[PDB]
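Take a look at the structure below.
Neighbour counts run over all protein chains shown; Cβ positions are idealised from the backbone, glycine included. Read-outs throughout are calculated quantities, based only on the coordinates presented, and are distinct from any laboratory measurement.
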Number of protein chains: 6
Amino acid sequence: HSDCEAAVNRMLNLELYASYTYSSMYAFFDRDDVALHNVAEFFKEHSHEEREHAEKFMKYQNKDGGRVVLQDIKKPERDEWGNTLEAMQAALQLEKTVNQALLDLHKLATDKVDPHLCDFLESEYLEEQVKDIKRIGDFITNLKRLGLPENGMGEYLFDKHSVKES
Amino acid sequence: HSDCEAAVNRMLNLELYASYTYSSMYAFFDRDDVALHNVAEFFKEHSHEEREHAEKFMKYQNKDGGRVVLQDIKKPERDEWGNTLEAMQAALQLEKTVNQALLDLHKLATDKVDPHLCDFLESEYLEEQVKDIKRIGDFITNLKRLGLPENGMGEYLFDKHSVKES
Amino acid sequence: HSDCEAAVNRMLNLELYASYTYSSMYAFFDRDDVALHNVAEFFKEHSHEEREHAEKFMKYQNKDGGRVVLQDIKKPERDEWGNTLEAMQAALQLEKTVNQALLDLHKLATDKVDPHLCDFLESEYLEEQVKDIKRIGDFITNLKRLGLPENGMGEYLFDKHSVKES
Amino acid sequence: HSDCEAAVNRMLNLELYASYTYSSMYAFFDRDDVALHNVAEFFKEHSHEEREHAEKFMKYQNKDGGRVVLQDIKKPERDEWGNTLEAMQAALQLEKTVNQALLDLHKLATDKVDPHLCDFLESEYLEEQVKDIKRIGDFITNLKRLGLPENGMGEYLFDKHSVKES
Amino acid sequence: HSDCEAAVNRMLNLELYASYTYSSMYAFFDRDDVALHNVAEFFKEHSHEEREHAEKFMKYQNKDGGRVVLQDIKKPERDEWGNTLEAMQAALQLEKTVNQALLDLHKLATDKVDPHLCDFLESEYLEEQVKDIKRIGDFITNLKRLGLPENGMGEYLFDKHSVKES
Amino acid sequence: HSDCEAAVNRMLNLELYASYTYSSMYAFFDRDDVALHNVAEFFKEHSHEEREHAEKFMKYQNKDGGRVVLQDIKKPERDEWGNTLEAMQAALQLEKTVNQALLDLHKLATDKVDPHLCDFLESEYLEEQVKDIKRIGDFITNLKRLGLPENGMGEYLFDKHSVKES
Ligand SMILES: [Cl-]
Ligand SMILES: [Cl-]
Ligand SMILES: [Cl-]
Ligand SMILES: [Cl-]
Ligand SMILES: [Cl-]
Ligand SMILES: [Cl-]
Ligand SMILES: [Cl-]
Ligand SMILES: [Cl-]
Ligand SMILES: [Cl-]
Ligand SMILES: [Cl-]
Ligand SMILES: [Cl-]
Ligand SMILES: [Cl-]
Ligand SMILES: [Cl-]
Ligand SMILES: [Cl-]
Ligand SMILES: [Cl-]
Ligand SMILES: [Cl-]
Ligand SMILES: [Cl-]
Ligand SMILES: [Cl-]
Ligand SMILES: [Cl-]
Ligand SMILES: [Cl-]
Ligand SMILES: [Cl-]
Ligand SMILES: [Cl-]
Ligand SMILES: [Cl-]
Ligand SMILES: [Cl-]
Ligand SMILES: [Cl-]
Ligand SMILES: [Cl-]
Ligand SMILES: [Cl-]
Ligand SMILES: [Cl-]
Ligand SMILES: [Cl-]
Ligand SMILES: [Cl-]
Ligand SMILES: [Cl-]
Ligand SMILES: [Cl-]
Ligand SMILES: [Cl-]
Ligand SMILES: [Cl-]
Ligand SMILES: [Cl-]
Ligand SMILES: [Cl-]
Ligand SMILES: [Cl-]
Ligand SMILES: [Cl-]
Ligand SMILES: [Cl-]
Ligand SMILES: [Cl-]
Ligand SMILES: [Cl-]
Ligand SMILES: [Cl-]
Ligand SMILES: [Cl-]
Ligand SMILES: [Cl-]
Ligand SMILES: [Mg+2]
Ligand SMILES: [Mg+2]
Ligand SMILES: [Mg+2]
Ligand SMILES: [Mg+2]
Ligand SMILES: [Mg+2]
Ligand SMILES: [Mg+2]
Ligand SMILES: [Mg+2]
Ligand SMILES: [Mg+2]
Ligand SMILES: [Mg+2]
Ligand SMILES: [Mg+2]
Ligand SMILES: [Mg+2]
Ligand SMILES: [Mg+2]
Ligand SMILES: [Mg+2]
Ligand SMILES: [Mg+2]
Ligand SMILES: [Mg+2]
Ligand SMILES: [Mg+2]
Ligand SMILES: [Mg+2]
Ligand SMILES: [Mg+2]
Ligand SMILES: [Mg+2]
Ligand SMILES: [Mg+2]
Ligand SMILES: [Mg+2]
Ligand SMILES: [Mg+2]
Ligand SMILES: [Mg+2]
Ligand SMILES: [Mg+2]
Ligand SMILES: [Mg+2]
Ligand SMILES: [Mg+2]
Ligand SMILES: [Mg+2]
Ligand SMILES: [Mg+2]
Ligand SMILES: [Mg+2]
Ligand SMILES: [Mg+2]
Ligand SMILES: [Mg+2]
Ligand SMILES: [Mg+2]
Ligand SMILES: [Mg+2]
Ligand SMILES: [Mg+2]
Ligand SMILES: [Mg+2]
Ligand SMILES: [Mg+2]
Ligand SMILES: [Mg+2]
Ligand SMILES: [Mg+2]
Ligand SMILES: [Mg+2]
Ligand SMILES: [Mg+2]
């Protein structure tokens, strides 16, 4: 019946949503008419990370004596992702949406005088999110430099050099 | 536009649904007023397996030249799972529901003369499912023998002996 | 002459009090007419942890340029602890009492604009306390399930399975 | 209801008292305006030893079929310890006070024809105490030789050479 | 154009200033008419630490999407440092000046509702600074005890025993 | 009061200036809208080298019986560096400026009949500088060949192939 308790359930749902969107990006880049497998695997890894982030909120809820209450995991906003630049731009926005949600949870915890929840967020979530935003930003800058979307050689090269070989 | 292609997308959605239900069972058994941690971890492992099973269907779809099309992952049917017997009975039914879906996909593949899809299902899915159904059945029999739901000592003992220590 | 300085001295005293209560629980479970040695050793380990927590506050005080000022360590509230359920219920309440004291120190540090002290508490104390509260809660639930206090077989079994073998 | 049983409880209380005094000496020497860290760590180790000596009496009481009965642990006689010479002189007196208590327990055990308790004391306590008294005596002689309290160079040197480096 | 962004640039400049002052202290103690090489190396290590602390703020600025803007690194306040006591007293004041700047940045971040920056400071800066202040304080106390500035034997001994051998 | 002594102090200041400029180039290439991390790390390494070169002059001054006298470290000439070609061209000019200063010091040492200083410069500085000038020259030629500044694919490729992976 707690506002933080409900907020955490919402946050867990959002992490699950983010994981599913990344999974969609993985599937797209794996397609035979897309076929950027390093880019695919980058998004697969991000999907697994976000699911791990959801499971951490489940654990926190239970340690906190709250109840985990699950809702539908909504499908991603798109069925196809265009190319590496468009997908990275959507990822950036997704990470920012998750970041603002985290920051909103932190403001709630602050108002509710819940320093344990403030620390949890600061220690387990906020800096990972700053890192992911920076790295995706950096990728977008490079994709622009490489001439996306028009420059297919540049897109091919990004897949080889910018993302780890899978 | 393929019937097998759509069927595979449906199957992938069902695997994701099954994974989410298991995740719910994990969260429940982790609760401070439930507190059967081996049972919790058993269901967590099943959730991870079902997600892996979804990802295999994504890979198959793409290798097949189909398109992965995602839908909402519906929340589990219950928010709380009663006890170890009730949760295992629900797991049994979930596994049977997934099994019948797999078998229905197999009948479709058979009609569509798709031996590759028939083999995929037979080699990667059907026997795992027979194993999971047997093991859950066996657990139910033991939980009954142990006096569930009334016998809380028996439920405690099941957690110690029947499921691997986490 | 600082309010945080005095508060820290009080907190150190409380940690020492908590350690002593745990030591009493250890001694009780070691008795020849109690004789639950795993349960005894669980409480002995908690006593050593709380003493370590007191010593950390001494170190903090000194690094902070404050003065460690000691008071009497009051004897535990009880001379005998009933059984494993009663002892765990008292431990739960003790952990909650220490937790509220920590949280009160944190509110003081927050008012006094002492982020270093806020971090200390958040990084070294608050999450350990959430863990201990969860684990004791979980034990109480299990002890209830096992039929305590009446079910001596259940109490025997708890000692074997729930607490680490000493 | 035993005289030896009560005597042991008193002895355990005294060991706990001695440990707490040593802990106070540790805290003092750690202070930023005292800052003799080897001397601090020497007294910290003595505090841990005395606590171990208390726990041995708890074990003995329980093996003996007696009951451990705890009382308040009184705060040390001083809040500040002067310097290394004054602290060592107080330690010497504390060790002698504990030694006389042990010897008094031994006389009681002798009167009560309790050779097991006599052996316990002789084998686990009396010789450790002779060693500690000798070593502190030896330190006092050296601190005098070094010109304490006036000779701060001598006090600095004692910390470097006489007590183990921490 | 951010107040935190400018504040971080100022903080980075101050860290660079602190590093340069330490470098000056290193050079002084290396002189043939000063010749306290352990003391020299202590200040050299502190200079390298402060430069590392500046580079961390550059990294933070960039991850934060701000711009690193550099200003002149002002020369140290003194060209010569007297002796080990005077140098340590100046170091103490320098560390306190850096600490107050950090704490002021933290107050700004708090007002601007920037918990990520609050955590950064608390996790990477504030406790290191408490440690450095304590250790220098402790050194000053010892240098006083050793008879500085008049007691050149004491100063020689400090170099041998208090600071690590280089 | 020596001309070589003052000259060395000037030289040390210039090395510190050069290190700071390189640090600025590092920060620029790390930016989210620049994002050439290998190029960033190349300039970071050059900054650390130049600081090491300053510290060597401090050591030389002191061994020589001179006094290290520090001045302000002036901020770099630019706040932003354009792109990899512009930054390399500025680095080339910076290295040449340091080289001419070294050569001027050498002429002074030669006039002052200071073969030890001549050797120092020849053995520790002049050949490193010839190497750095060659390597930066070579980079400029390649950046031109790659089509800088207009060819962003070429700039991306330079970062991958020409500078070591960080
Ligand atoms: Cl709400
Ligand atoms: Cl709330
Ligand atoms: Cl939701
Ligand atoms: Cl995680
Ligand atoms: Cl779409
Ligand atoms: Cl954001
Ligand atoms: Cl890149
Ligand atoms: Cl269909
Ligand atoms: Cl078909
Ligand atoms: Cl579906
Ligand atoms: Cl699988
Ligand atoms: Cl329900
Ligand atoms: Cl079935
Ligand atoms: Cl079984
Ligand atoms: Cl107060
Ligand atoms: Cl205060
Ligand atoms: Cl108190
Ligand atoms: Cl601890
Ligand atoms: Cl009682
Ligand atoms: Cl609480
Ligand atoms: Cl349990
Ligand atoms: Cl008596
Ligand atoms: Cl007796
Ligand atoms: Cl007593
Ligand atoms: Cl012992
Ligand atoms: Cl006193
Ligand atoms: Cl004696
Ligand atoms: Cl001695
Ligand atoms: Cl400002
Ligand atoms: Cl701001
Ligand atoms: Cl500035
Ligand atoms: Cl650092
Ligand atoms: Cl001066
Ligand atoms: Cl300060
Ligand atoms: Cl010596
Ligand atoms: Cl020595
Ligand atoms: Cl010292
Ligand atoms: Cl000149
Ligand atoms: Cl000259
Ligand atoms: Cl100059
Ligand atoms: Cl060098
Ligand atoms: Cl500029
Ligand atoms: Cl040149
Ligand atoms: Cl090249
Ligand atoms: Mg909470
Ligand atoms: Mg919808
Ligand atoms: Mg939100
Ligand atoms: Mg606040
Ligand atoms: Mg962190
Ligand atoms: Mg991440
Ligand atoms: Mg993220
Ligand atoms: Mg096919
Ligand atoms: Mg619904
Ligand atoms: Mg079906
Ligand atoms: Mg067949
Ligand atoms: Mg098979
Ligand atoms: Mg299976
Ligand atoms: Mg299954
Ligand atoms: Mg403080
Ligand atoms: Mg009382
Ligand atoms: Mg309180
Ligand atoms: Mg933590
Ligand atoms: Mg704990
Ligand atoms: Mg605790
Ligand atoms: Mg006896
Ligand atoms: Mg009193
Ligand atoms: Mg006595
Ligand atoms: Mg003996
Ligand atoms: Mg001893
Ligand atoms: Mg002793
Ligand atoms: Mg930020
Ligand atoms: Mg000036
Ligand atoms: Mg300031
Ligand atoms: Mg905070
Ligand atoms: Mg920390
Ligand atoms: Mg430090
Ligand atoms: Mg510092
Ligand atoms: Mg010379
Ligand atoms: Mg200027
Ligand atoms: Mg010149
Ligand atoms: Mg010549
Ligand atoms: Mg050479
Ligand atoms: Mg070089
Ligand atoms: Mg160079």
**Fill in**
With criteria (1) of a type outside the set (S, T, N, Q); (2) within 11 Å of another protein chain (Cβ to nearest Cβ); (3) assigned to a loop (DSSP other than H, G, I, E, B), residue C:164 comes up short on (2)
**Message:** So, residue D:143, is that one surrounded by 15 or more Cβ atoms within 10 Å (Cβ to Cβ), closer than 25 Å to residue D:26 by Cα and over 17 Å from the mean Cα position of the chain (by Cα) or not?
**Reply:** yes
**Message:** Which residue is nearest to ligand 73 (Cβ to nearest atom), if the candidates are limited to the range A:1-59 and must be β-branched (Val, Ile, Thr) and within 13 Å of chain B (Cβ to nearest Cβ)?
**Reply:** A:8
**Asked** Going by the conditions given, is residue B:64 more than 16 Å from ligand 17 (Cβ to nearest atom), of a type outside the set (S, T, N, Q), surrounded by fewer than 20 Cβ atoms within 10 Å (Cβ to Cβ) and closer than 17 Å to residue B:114 by Cα?
**Response** yes
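Yes or no, residue by residue, for (1) touching an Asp or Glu at 6+ places or on another chain (Cβ under 9 Å); (2) within 16 Å of ligand 52 (Cβ to nearest atom); (3) within 30 Å of residue C:115 (Cα to Cα):
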site: A:17; (1), (2), (3): yes, no, no
site: A:60; (1), (2), (3): yes, no, yes
site: A:71; (1), (2), (3): no, no, no
site: A:85; (1), (2), (3): yes, no, no
site: A:88; (1), (2), (3): no, no, no
site: A:100; (1), (2), (3): no, no, yes
site: A:104; (1), (2), (3): no, no, yes
site: A:108; (1), (2), (3): yes, no, yes
site: A:112; (1), (2), (3): yes, no, yes
**Asked** Would you say residue A:16 is under 11 Å from the mean Cα position of the chain (by Cα) and closer than 28 Å to residue B:69 by Cα?
**Response** yes
**Asked** What do you reckon, is residue F:82 away from chain E (no Cβ under 12 Å) and surrounded by fewer than 17 Cβ atoms within 10 Å (Cβ to Cβ)?
**Response** yes
**Request:** Can you run down the residue pairs with Cβ atoms below 6 Å, 6 or more apart or on separate chains, where the first is in the range A:65-76 and closer than 9 Å to residue B:79 by Cβ and within 7 Å of chain B (Cβ to nearest Cβ) and the partner is away from ligand 65 (no atom under 16 Å from the Cβ) and of a type in the set (A, V, I, L, M)?
**Result:** A:68/A:58; A:68/B:27
**Item:** In the range A:117-140, the residues that are closer than 15 Å to residue E:122 by Cα and buried (at least 19 other Cβ atoms within 10 Å of the Cβ)
**Value:** A:118, A:119, A:120, A:121, A:122, A:126
**Request:** Just give me the residues in the range E:124-155 being touching a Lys or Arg at 6+ places or on another chain (Cβ under 8 Å) and touching a residue at least 60 places away in the same chain (Cβ under 8 Å), in sequence order.
**Result:** E:124
**Asked** In the range F:7-61, what residues are surrounded by fewer than 22 Cβ atoms within 10 Å (Cβ to Cβ), more than 30 Å from residue A:142 (Cα to Cα) and of a type in the set (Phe, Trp, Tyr)?
**Response** F:60
**Message:** Just to verify a result, which residue in the range C:139-160, among those that are more than 8 Å from chain B (Cβ to nearest Cβ) and part of a loop (DSSP other than H, G, I, E, B), is nearest to residue B:36 (Cα to Cα)?
**Reply:** C:148
**Message:** Kindly evaluate residue D:102 against the criterion of being away from ligand 58 (no atom under 16 Å from the Cβ), in contact with a helix residue (DSSP H, G or I) (Cβ under 9 Å, 6 or more places away or on another chain) and more than 14 Å from residue D:8 (Cα to Cα).
**Reply:** no
